[PDB]
Structure formats: C-alpha cells, structure tokens
Amino acid sequence: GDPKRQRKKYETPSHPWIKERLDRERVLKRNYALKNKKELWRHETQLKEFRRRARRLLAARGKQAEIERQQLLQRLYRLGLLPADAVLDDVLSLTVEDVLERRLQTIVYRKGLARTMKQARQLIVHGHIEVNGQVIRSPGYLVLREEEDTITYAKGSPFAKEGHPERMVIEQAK
Amino acid sequence: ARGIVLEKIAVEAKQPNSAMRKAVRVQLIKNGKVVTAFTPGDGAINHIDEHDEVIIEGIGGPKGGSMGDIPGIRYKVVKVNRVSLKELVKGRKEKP
Amino acid sequence: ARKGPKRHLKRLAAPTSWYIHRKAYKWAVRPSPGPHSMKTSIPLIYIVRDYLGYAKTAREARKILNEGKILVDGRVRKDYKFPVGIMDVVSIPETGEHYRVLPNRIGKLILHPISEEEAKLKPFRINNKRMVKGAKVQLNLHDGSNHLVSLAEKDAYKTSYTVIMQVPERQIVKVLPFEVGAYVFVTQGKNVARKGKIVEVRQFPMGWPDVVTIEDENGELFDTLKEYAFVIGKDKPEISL
Amino acid sequence: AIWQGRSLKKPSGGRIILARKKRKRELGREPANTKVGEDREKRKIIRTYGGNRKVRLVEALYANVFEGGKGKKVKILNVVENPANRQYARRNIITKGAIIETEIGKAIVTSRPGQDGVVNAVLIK
RNA sequence: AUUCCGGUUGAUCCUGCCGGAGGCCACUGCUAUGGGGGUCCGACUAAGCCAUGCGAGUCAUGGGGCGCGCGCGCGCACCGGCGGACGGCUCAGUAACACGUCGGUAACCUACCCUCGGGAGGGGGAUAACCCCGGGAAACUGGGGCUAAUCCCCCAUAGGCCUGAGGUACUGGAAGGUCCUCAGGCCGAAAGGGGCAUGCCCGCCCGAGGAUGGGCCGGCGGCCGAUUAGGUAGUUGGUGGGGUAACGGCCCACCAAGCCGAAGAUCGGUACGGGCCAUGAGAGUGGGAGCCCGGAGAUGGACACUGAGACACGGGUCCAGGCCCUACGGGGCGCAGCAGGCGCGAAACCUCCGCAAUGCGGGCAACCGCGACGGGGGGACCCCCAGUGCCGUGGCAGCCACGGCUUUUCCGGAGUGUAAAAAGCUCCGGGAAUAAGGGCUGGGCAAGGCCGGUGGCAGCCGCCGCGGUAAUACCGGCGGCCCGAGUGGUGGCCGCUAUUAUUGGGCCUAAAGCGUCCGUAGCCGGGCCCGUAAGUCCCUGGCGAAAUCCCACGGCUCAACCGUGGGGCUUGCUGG
RNA sequence: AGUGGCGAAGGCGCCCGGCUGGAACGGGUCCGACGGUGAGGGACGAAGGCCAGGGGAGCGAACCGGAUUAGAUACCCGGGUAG
RNA sequence: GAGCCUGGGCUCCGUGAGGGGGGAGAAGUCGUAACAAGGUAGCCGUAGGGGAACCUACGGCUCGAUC
RNA sequence: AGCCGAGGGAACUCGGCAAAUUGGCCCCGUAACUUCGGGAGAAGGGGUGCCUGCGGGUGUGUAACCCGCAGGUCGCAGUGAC
RNA sequence: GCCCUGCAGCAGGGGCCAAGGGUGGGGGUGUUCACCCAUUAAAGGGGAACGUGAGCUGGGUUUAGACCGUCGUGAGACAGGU
C-alpha cells in the first residue's frame, strides 16, 4: 500500500490563456487587492465545495441527509453568507464576490478603519487590528457574523489614539 | 545518462530544408552502447572536445523519438564536464 | 520472522474500547494476561492517569499503586498492567470514591460512580460447569474465575444464571435465574448498554449460538445473543446502571 | 532429519517450491523397535515440545494380560503374526496389533510401547 | 467545465493517426526572505564490500568472599536467577491455504498473569570466587587445596500416562472427553527460602480452568502466455501400524487403479499480500517503497545444543567463496541496526545531545539500561499562513519629485520556554532599509507588424512551418504578457480517447463477413395452470482492526494539525 | 434462349428410358416447442498443378521461325510440347 | 546432506568466412510497366518464361471506354 | 607360439598395423535425421556370490518348471574360471 | 686458440690454425629437399655401386582389375589424377 500525503486546497484552471477568464480575474484582483491568483482560486474552491454539497444532498433520503442539510445552512448563516430563513436553493445563487467580501481586508476597508485595501492589508499584517479579543495577522481570515462588530484597533498601537496623524488622515475621508 | 565523447560530426537536414546540424557520438558508461546526440545552440560544438564527459537527455519528439527535421537522432546534450551548455553558450560560465 | 510471543503494542493497534489518543505517541501499555479479555478490559494506569487525572506521568501512577491506595474487587493491585473489566469495582478509600466499570451505547468503557454499600457486591455470570475430583462441581465464571459447590445443589446452578457475591471474602448471595421475565443488560454487539426484559429464546442446529428477544420499557423489541445478555435482576435491577 | 511437515507435490501432480526453511516444530524422531529382551528392560526418556515427557521401550520382558477385567503380569515369549510388516514377526518386534505368546496363551497388544512404556494385551478366547 | 483546438486538397466533407492544452511521481537547469505542521529523504542499479565507535541488560531483600571507614555502612568481581525468541532493518525468494474474510480444533502446545482447591517430610554432594604454582605471541587455558546457596542428586508421599471391566453424575447441537468403583503396571514434585518485627511483605511445587501467544484444517476471493497440450508413479485411495504437542502418504508394509485437465492442467514469465494511493463527471484504467496488520530473510547452503518458545541478525558446526592478525606453530570476521566510508549509478543527510516524556526487560521497591523513542543539525520532500512598503500633493503613463507614517521582515538586548539548549511567544531600542525571478513574445495560445546584425550560412521547431539582402518566426536591444519564491527541461501513469466502447465503437466503397453448408459444448429461447422457494426483494441478528475519506463542534492567532461525535469505506461472508 | 429457371455454394443447356435429392402451392390430416446460432471438429468446393493408367480432332504455356522496332527476350503471322 | 565431478534437459548472451533481402539518402545508368480506350483495357488465382519494370496461357471479376 | 610389466599415454608409423579395452542377464534411461518401417543393444547409469527364510503362477500335489522381496555374512575382486 | 675492423662495453661483420668430440625432438606431405613450432652451445654440408632388400619394411613408381577428365569413327592411349 501507499500512505497519505497532504493535498492542495485550491484548483487551477484547465486552460491558462483564455481572454474572458483573464479579464475577469484581472478585474477582481485589482478591485480586491490580492497578491496572487492562488487566493482567488481557493475562495472559488470554497464556493465550489459548498455548491457540490448542496447538489449532492438535494433529494437524498434518510436521516444523515437532513442532518447535513441543517449543518450546511447553519454554517452559512454563521459565516454570514445567508439569512436565517433560508433554503437549499439559495446556495446556488451565491457568487465569489461574497466570499471575497467576508475577509478582514475588505471589512476593515468597508468599516472606515483604513483609506484603501492596501493600507488595510498593511495594518492587518503589522498587527494593528483586533478581533473580539485577539490580534490576527492573516488578511484572509473569513470573519464571522458575530465578530464583525468587535473589530477595532489594538490597545498597543499608535492608531489607537484619536490624535494620531495618520488616523486623522484616515478620518478625513468620512 | 552519462557518456564520453569520441567523434564530432555534422548531419544533413531533411527536405525541403538546407542545413548542417552538429552532433557527437557518445559511448555510454552503463552498458558501453554508442549513440548520437545533437548539440543545441549557436556555437555549442566549439565548447566540446573528445574524451569530455557529457550528460544526455531525450530530445523531445513524438513517441519519445526523433524531433523536427533531423531524424535518426533521439538524444540531446545537457551538461559538459558538470557545467551547463546554456550557460557556456550565453557566456556566463566556463568549462574546467 | 517471528520466533516467539509479542511484548509490545502500538497505539494505532489498540482496541476500540479505550479512550486514548492514538497519534500523540507510538507506544501503548500492553496488558498482561488476566481475568478478562483484551477487547473487554483496560489497564489500571490509564484509569489512574487519563480518566480520573490523579497523575500526569507514569512514575507518579506507579508510586501511588505501590502503596495500596487503590483497590479492585476489594483487593490491592500494584501492577500497572492489570486488566480491569466490566462489572468490576474500583475503590479509593482515601477519597471515599467507588466506581463501577460499564460500557456505553458506543462500545467504550466508562466509570459509573456508586455508593459504599453497593461497592461490596459484584455480579458474576456462570459461563460453564465441570465435575472435579472429590465429586464436586466447579463453576467457571465470566471473568475467568472459579467457584466450588457440592453435588447436592448442582441442579440450582446452570450455565447462564447470575450469582451475586461479597467481593473480597467471596461468599454467595441471591442467585438469579434465566427465565422469561428476567431483567437484562447487554454487554456486547450492536445493542450494547441497552436494558430490558426477556421474552423468547431460540435454538439452532450444529454449532450456531442461541438467540434471545428483549423488550425495553418504552415497549420496543430487539434481539441479540444469549451469551451477551447479562442477568442483573428479576423484575428490577439489583445494581445501579 | 525427519521433517514430517508437508508434501512437495500437488494432487494435480505439480511441483511445489518451499518458500521457507524446515521449522523445528515440524520435525519428527526415529522409531523404537521394541524387541523381546533376554536379561533386562530398557527405557529412554525424551523431552518434548512444551517441556513434556515421553517414555520409550526398547526391550521388553513382561506384559500385562487382561481377561475380562482381571489383569496378570506375565512374560513375553516369541512374537507371532504382526499384520503390519513381514519382518516384524521374525525380528520379534512388538507393535500395537501384534499377537504374542505368554505363559498363559495368545494375546493381542492394545497399547503403543513407543509412546507409553508398557505392553498391555488382551487374552484370546 | 460530462469542453475542444492545429495538421492530407487548387478548394470540400469523412475516416484515422500524430501533436497541443490539465494533474501526480522521479531526475535536473536558472533563481531564492521568513515562520508553522507532517506518517519525507541509498527503495529503482550492487540482498554489493565494510575501517572505527555505540545498538541488551538487571537483581546486593538468592550465596559465600574481598577492599575502604565506623557488628554496621559503602564499593568491586564471582556463583545463581529472569531476560536476550520482543523491539529495530530489508524486499532477494514465493503464483502458495502465502494473504483477506467467514468458520473450526470433540485433533494440539503455552514461562511471565488471574481464580479456586491442596502441599512444603528425611537425607547427601560437588564446585566457582579465595590461596600456591603456572604454561601460550596471542586468542584461550592446565594442576593442587578450601567453601556456600532459591546450585545439583537421592528416598517418600502427592500427582502424571497406558490398558481392561462396569456406573451414568457434567458440559454440550452432538462425547474416542470429564466424574464414580475395581484391577494390572511404567514415570515421578517442592525453596517455608529471604526481609521487617514481637504477625505482615516478596516468594516454592501439584491440580482444574481462563487469559496471552502460537501450530494445524476448511469454504469463498484476487496476474499474463496455446509460436506451452497432455501431466502424475508415494503419484490418488484403502487396511494395518510408526512417529508428532497434535489430524494427516508425514513416513513404512501390503491390496487396488486411480487423481488433474479446452470452464486450460502441466510448463514458462513477472511479482511479497492487503488496508490503501494516483487519475477521471462517473463507469473505469493504473500502482502497491515510507505509516498499520500479516509473511519471509540475516554473505550462498546444510545441520544441531539450551530453553515455555529458535534450527536463533549483534550465540554454535561444516563446505564453498572473500578479507584480517601472527613470534608461521596457529587464530579471527561478515551493518538488509544508528551514524560514517568505498563501489555502482541520472539518483538519496551529522562518525551530534538525552533517557526528562511515551514504552520494554530486570527489580519488593527506590531505580538502572535502551542509536527503540524523543531532541536539535543538513536538504527547492509535501501542506498551511505571510513578506519584499503605506498615505497625501504634483507631473506622466505603474513610474518620478516632495512631505509624513508603520515595522510583519532585518540588527541588538531582557523574560518565559527547554532534560539542557535552540527556535517560537511577550516587551524594549534603531531604521524604508535588509529582500524578484524564470519562461514566452508567427498560429494553436495571452502578448511588437518597433529598431540593429546574419543573408539556404549560422540557427529555430512538441505539430504546422521560418530562414535563399527591407526576416513581426534566428541573435541581440528596448517594450509587452503568464505564473510568481518559484519557474522551465527529460522520462513514467491516468485523462484528452466513443482510438478497447457493459454504460458506449465499427465491418457495400475508407481497417474489417470465414468460399459455402451440417452440427458438439456453450449462450439465447413460444402460450396457460399447480407446486417448491435455489437466484432476486424486504426486515432483522453476528462479523468486515485502527489510521485514511465526508460533515459539524471544540483546542494550538485562524489554517494546515490534533480531539469528541455522527456517517461512509472495508468490492463481502454468515444465522433467522 | 429470356431482363428467364433449379441448386448451400462451386456450378448445371441435343433426344428417349431408368434410379435419386430438395423447394413452392393446396390441406378443420398427424406429432406437440421437438427451436436459433454455433468455439473446437467435419463434408462439398472453378481453373491450373501432381500420381497411376488410357486417349489425343481442334486450340495451344514452354520452344522454334518470319516481320515490326533505336532495340523487341512482346503485341502481329506461320508451326508446336505438356495440358 | 553441503561441496566437487560427470551426463542430460530447458533457457539467455557474445562472435563467425561468406551470402540474403528491407529502409532511408541532393544529383547517376538502362528501359517506359501503370493513371486517358495511357497507345496490347486493367486487376484476382494457378502455372511456365525473361536484364529489370514485365510477357503469355487457362478460368473469373468490372473497380471497363465507344457504338 | 605365449604370460606379466612401474611412471607417461600414439610422442611410434604412409597409416593406432599388432595388441589391449568392452563383454552374459535384470531395471532405469536413450539424440540428430528419417522413405515414419527405422536409427536403437544408440548413447549413459545401477545391480549381480553363499547362507537363513517369506511369498506368488500352472498343477490334486511339501511331484515338476518358472517369477518377486527382506535379513545375515566373506572376500582386492560375485557373467569370479569357460 | 688467434689476427683486422667504419672493434667503447654487450655484441656484430670479415679472415687464419684446427676434423678430438658433438650436431637432437616434432607438424602436414610417399617423399629427398623446402616450409612451420617449441627448445638448444649449435641444432654444418658432402662420400662410401645416388653405402646398406643372401638386413627389415613397402607408403611412391612400371603389369594383369576398375573410375573420372581430355584425345580418337573405333580397338584404344595420356612421361594426367584415384
């Protein structure tokens, strides 16, 4: 026999040089300030996994089937991609932009803690951003629904003072 | 695979092309069998000499075989005395 | 090639009846031969260290064991390899703690806390019978232990009955037979840890074991084997489950 | 050495290639040809697999003859009519199933002396 | 993503093959900042050869004795006891009851362990250490004297085994079994020792059973070859015996003529078997070094001793073939153990620290030992998360000038961490500074109709095809596109391929109907009625180790990873 | 004499007589699924060729001659062996 | 029951005077057999003959043109 | 006209002339090639005495002729010479 | 045993005296000679009725038998072979 080897968590396209895919991925990379295509591809893989689980469970009879259905719906509600009164057909209308909106970089931008996505990435990586209580340095953390309101500046950080030059330059936008 | 050079030669290109392709006969060290290998690059034959050890790859072709307009040759030179031909031909390294 | 018996055991190869981490290390304590089987027992050091948490290493456990601070069936046990099994009693008199060993509906062994009164009784299942010299009857029980009885009272002991005994001194009290209204506790199989009353027995030809049907107090019926049906009471239990 | 472990041919008639050595468990021993004695009796002792004991008779003088529950210890004269090999009657070699003469009469051996150390026989009617 | 694109013609539609474009494994060129986790690293050729050091010991509470200090305490060796048959390495051989699964032993063995029931009576002996004298180059080894034991021997009693005649108490589905009585016989136990103390701890022998571990048997299941067609002669069975722990042609004596085979025997080739893995929408194709379970081997081959267990990797004997020491008389060795070396090759690491954790052996215990195990060192082994700056103003088309900010990373330090360290984590000081390349640029296929050189030479090229004086296709320069701490080259497998087609291909003309008929096995088979219930269907009991796979929750910053639980996998077997 | 007919196919044309195989039509006749295809095996199978024996008109491979041709081991002409 | 020797069977490899045909390769010699009725319509089978493509005879096919 | 000859073994000679080797019976096993009848006793190998016994075939047969096996023992040698 | 040298030594070349001793074994061929091998101090050439058949052998050659090739109408021949 042959033993186990750890496998990738992202997929690559079938052809590397198709104009439409290139254009779309270019636009997304630019507008969400990503470093590579690996990140885009692994978010897309998350989506595809959700979508395959739904396709499988749909019309499957038993008990484990309904258990897994409810598990999936609750997981999505917790991540923040679906409301509570949702159904198994609302999954197939999801897109990748939602998975892209559920990451720290984007949330830190949409919340007014940073002027740009690159600035938000720098903050996260240098350790100025806090979650409920913690310091996380991974701009692809996939923030949950109960934490989106506990995101602030860290106690030990110059930005945590209201009179910091750069924090004033940031508040000058709003 | 690895072998030792015995003879430097030139082969005719097939029709409707006109050119000489530079090659060498190589006597392998595993089994002693003699084969022929093409020297790629502009001037790669001058960075070679008899009794030099050289490493041999496949040339790249249909069914692990002859490629393009030089049939009869299945192999290709990669390294000369433990240095690479690409570097020797670009001018970045030297043959000891 | 192997020239003899085994003396080690790896953690990925340990039985499923154990609560153990299999990837943390490579080696596990191989039990020594003893009363119960390997698929039905767990050593003592795992109890002292991983279940109750009175020690973090094995030196400490050996040290408490070599001082008589732990009993099993009213007896002192100093061997960290001794196998503990079902219906057995673990007693710490320095902490006033008494536990009874039983399985789950999953098949794993646990510790059910009991009282000092019920800690002095242990049920046994008669597994076979023999006639030995002096014309005496020897009952072979389910933990591999044995009891002697006279010929005059041979018809009262059969091969599936249950016997309650004071544990250290090993004196009998309150035999319990195998009938069509007796209480039961399943010990192995798919329906392990269930409980109910007997309804029907069934026999088969040429080597295949006998089957028994049982009814739980919710009213549902289920079958299993007759050697897996431990008898613990007539209408209600005598021990705590 | 007496292997006594396995056959090197299949019933179809094909050949077999031993994939391993000859183990020690599989081995056997050479036979005791229990003879009628002249002066004494001879017994060997043998250690065995699990640390156990076997007793071999080599020479015999006395037999235990039974007639309906009553046993007598008598002597062994010429051996007669061993139905297992022609030469055994001549060599006066005793086996199970052999017919022997005693001071009383003819008797059949019901024991295995190479395994037990005694010759027990039943008298003929 | 259940996918297509280029190539036979002056142009067209087909068949059919070659190539591209995706993924995984091994070698390799250029280039390279930092962490974490993990079942990664002399497997492919040579199961080829090995210099040095380590890889298996422990008990002083079994016994006598020597030395050092105050009968006591410390230490050394000797006799004695248990262990060394596990663990660790490798894939040569093996097409086999070797492996997997279901069953069986009413045909068998088992030291360490548990329960119960019973015993420890009476005598004897030697011999190591110690002292005298030694021999031999060594390796090894002789004589004499003195002594002890949980050392050895002997009597007895228990008990063990065989047979014959009876009784029927037990188990079981079923007694060549167990129990009772009688009779005739062979073998034949034990250490009341040691310690504390004024009874407790550790122990010795017998029996009945279990557990642990093994031996043997059976049904089912899983490669290729007919340019391999007949093979077998203890071969197939029976009667009687020997031998084994035990059944058995396992072996022997005698009587017979059977056993396997076209549904492919025998022979030959390759190959450790599975859980698993890679790929694919799936059916399916291919592989089975690393972790687990099983098997086999220790330079080739054969044979034995001791022991519960071996025909014994670090114990023995011989032959063959290799090497070493020698005072030439004689002696010794085989890394497929950890490191290290030579050789072979395209192809694989430090002659490091520790028994603190997990475990094994020994020991009443305290505890000692372990290249197993754990911990670091080297390596583009696999996976996860990041970096090589950000902001604002202005000028251009991502860059530059200017003005400020931050410190992941870098430099230095204090704690914690750790067996000790290191790394990692918390804090402090300095400072944008300490850190992008590789392939491509005619079409397929994303991206230059720009400039200089070469001039059918030199060279490119998976395929089509460029190059013969204005080369978008060579070489270079400047620009541009793909991926990105990685990117390219060679070889192998799956897919592409409905080019192996059960799902799901084709045979007038492109590859392809036997020249035509009759028929054996085999496959396919008309309509109604009654029965059985073998296939098939449903419900349920007992099995198909764990890891691996899917899901949710929780613990390491999230993750990779680990844990709890719920499902599948285990291509299935079996009782109703 | 047919674009025709019989035959499993190969193949079968003067007339009369004898022996023999198979198919179609018609049929309130008989049996009662006895059937299809057929690995391996078998039977038939143009011309030419071989063996053994007979026969031998015409035609005619090989062969020999005359022409034609740059040549002509051929096409055309005259003879001829096997068949 | 090793090793040694001897004979036999199966099987793999290396080599050898001389000869045989196959496949590629700028440009050579002799002919002109196939495509048009290709200048004697072509091709299957059997046999004989010839420097070579090829030619003839017997039986067949049309994948043969003109009337 | 005959018998033996150490160590070597055709170096003798036109030439292995002359001499020597093998040799009966039972069992095992036997090639190329072939006109499928042969080759073929191919080749190559093992065994073989005396004594004490046990069995089988035909037969009425402790008349007669034949066929298999065990054990014991002696010798340099068992178709012991021919 | 000596003399000359285009004789350093080891050797070679050329010549004088000397006939006491030695000058062998094998391969193909009927051979003599000639050729070849391995050794050796070297492996000389000739005469004696081409020494030696009232000493041997008997391969070759020159009878009587037969085969092939050439020559000849033929009978037959060949200083041609077997």
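Read the figures in this text as sums done on the coordinates, not as results from a lab. Cβ placement follows ideal geometry from the backbone for every residue including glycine, while neighbour counts extend to all protein chains displayed.
Odds and ends about this structure:
- For chain D, calculated [θ]222 nm from helices alone, where every DSSP H run of n ≥ 4 adds -39500 (n - 2.57): -1500 deg cm²/dmol
- Anisotropy class of chain B from Cα gyration tensor, a/c 1.5 cut: oblate
- Pairs over the 30 Å Cα-Cα cut-off, from the set C:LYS81/C:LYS133; C:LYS69/C:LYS122; C:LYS78/C:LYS136; A:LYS118/A:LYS155; A:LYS4/C:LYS63; C:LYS23/C:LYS108: C:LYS81/C:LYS133; C:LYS78/C:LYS136; A:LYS4/C:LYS63.
- Relative intensity of segment A:37-174 on a log10 scale, I(q)/I(0) at q = 0.08, 0.14, 0.16, 0.19 Å⁻¹, equals -0.29, -0.72, -0.86, -1.07, per a Debye sum over C-alpha point scatterers of equal strength in the absence of solvent.
- Computed [θ] at 222 nm, deg cm²/dmol, chain A (DSSP H ≥ 4; -39,500 (n - 2.57); rounded to nearest 500): -14000 deg cm²/dmol
- C:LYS136 sits among other residues whose Cβ lies under 13 Å from its own Cβ, and their net charge, with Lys and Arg +1 and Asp and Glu -1, is +3.
- Computed Rg/Rh of segment C:108-199, alpha carbon atoms with Kirkwood Rh: 0.99
- Paramagnetic reach from C:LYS108 (point 7 Å along Cα→Cβ, amide N under 16 Å) across segment C:1-27: C:12-24
- The residue among A:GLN46, C:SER17, D:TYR88 whose Cα reaches farthest toward the positive pole of the charge dipole of the protein assembly as shown, with charges on the beta-carbon of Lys, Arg, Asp and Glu, is D:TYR88.
- Computed over the protein assembly as shown, the P(r) tail beyond 48 angstrom holds 61 percent of alpha carbon pairs.
- Cross-link reach list, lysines versus D:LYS73, counting only Cα pairs under 28 Å and skipping chain neighbours closer than eight places: D:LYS35, D:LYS42, D:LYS44, D:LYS54, D:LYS96, D:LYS106, D:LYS125
- Amide H contacts for C:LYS234 (H built 1.01 Å from N in the peptide plane; partners 5 or more residues away or on another chain; cut-off under 5 Å): C:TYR183.
- Over 27 Å between alpha carbons, listed pairs C:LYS174/C:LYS226; C:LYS129/D:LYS70; A:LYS63/C:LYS190; B:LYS8/B:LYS79: C:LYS129/D:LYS70
- Only beta bridges with both residues in chain D are counted; by DSSP, about 80 percent of them are antiparallel.
- The calculated 222 nm mean residue ellipticity attributable to helices in chain C amounts to -1000 deg cm²/dmol, summing -39500 (n - 2.57) over DSSP H runs of n ≥ 4 and dividing by all residues.
- With q set to 0.11, 0.13 Å⁻¹, the log10 of I(q)/I(0) for chain C, from the Debye formula over equal scatterers at the Cα positions, is -0.66, -0.91.
- As computed over chain D, the Cα convex hull volume per residue (Å³): 168 Å³
- Length-normalised contact order for chain D - Cα pairs under 8 Å, 6+ apart - percent: 21 percent
- Summary value for segment A:24-97: 29 percent relative contact order, contacts being C-alpha pairs under 8 angstrom separated by 6+ residues.
- Using alpha-carbon coordinates, inclination of helix A:19-32 to the longest axis of chain A, degrees: 40 degrees
- P(r), alpha carbons of segment C:1-72 - 10 Å bins starting at zero, rounded %: 17, 46, 31, 5, 0
- DSSP-loop GluC sites (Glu not before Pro) across segment D:1-43, with at most 10 other Cβ within 10 angstrom: D:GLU38
- Dividing the mean sequence gap of close Cα pairs (under 8 Å, 6+ apart) by how many residues segment A:51-174 holds gives a relative contact order of 21 percent.
- Segment A:76-136: radius of gyration and largest Cα-Cα distance (Dmax), Å: 14.2, 41
- For segment C:53-61, Karplus couplings with θ = phi - 60° (6.51, -1.76, 1.60), whole Hz, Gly/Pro x: x, 7, 8, 9, 10, 9, 4, 4, 5
- Secondary structure note: in chain B, about 90% of the DSSP beta bridges are antiparallel.
- Charge tally in the Cβ shell below 10 Å around C:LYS10, where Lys, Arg are +1 and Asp, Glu are -1, C:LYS10 excluded: +4
- Positive-end residue, the protein assembly as shown charge dipole about Cα centroid, Cβ charges, pick of D:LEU8, C:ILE114, A:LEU79: D:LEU8
- Loop GluC sites (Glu not before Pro), segment A:81-174 (other Cβ atoms within 10 Å of the site Cβ: 10 or fewer; DSSP): A:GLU146, A:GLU162
- Positive contributions from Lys and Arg (+1) and negative ones from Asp and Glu (-1), summed over other residues with Cβ under 12 Å from the Cβ of B:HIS51, come out at -4.
- Prolate/oblate/rounded label for segment C:1-135 (Cα gyration tensor, a/c 1.5): oblate
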